[PDB]
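Heads up, the chain below is alone and in the form solved without the partner chain; it's given as structure tokens.
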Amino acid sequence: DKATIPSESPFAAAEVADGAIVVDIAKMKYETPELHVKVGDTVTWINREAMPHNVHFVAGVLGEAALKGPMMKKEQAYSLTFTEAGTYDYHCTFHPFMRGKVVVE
């Protein structure tokens, strides 16, 4: 697979590292919808609002099967560590019109 998962479940936003590469989710949007990182980087999404959200990569993007991230409540976080160069699109399971991508250089 093309990413590893440091936290299987959502975790508290207060425990996101200071350093971390963060994508906020707010107002029904990913607030960095075209994020550029490098091989080896960890990305952390943080839901900033009451409406639940996730991140969801369809089958074949990060692995043979889909990666459907866990449901994230307000001030919950979820991370992926990207290990292979490429561009990886995702959406929100609940709200598929909400889309983003991670461009891994």
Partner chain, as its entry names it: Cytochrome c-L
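Numbering follows the first chain given and starts at 1.
Which has higher Cα B-factors on average according to the PDB entry: 64-72 or 51-59?
Of 64-72 and 51-59, the stretch with the higher C-alpha B-factor average is 64-72.
Would 89-97 or 13-21 have the larger average of its C-alpha temperature factors, as given in the entry?
Result of the comparison: 13-21.
Omitted from view is the form solved in complex with the partner chain, to which the following refers.
Would you please decide whether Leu35 lies within 4.5 angstroms of the partner chain in the bound PDB entry, comparing each non-hydrogen atom pair?
Contact with the partner chain, yes.
Quick check on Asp41: any heavy atom within 4.5 Å of the partner chain in the bound PDB entry?
Taking the distances in the bound PDB entry, the answer for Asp41 is no, it never comes within 4.5 Å of the partner chain.
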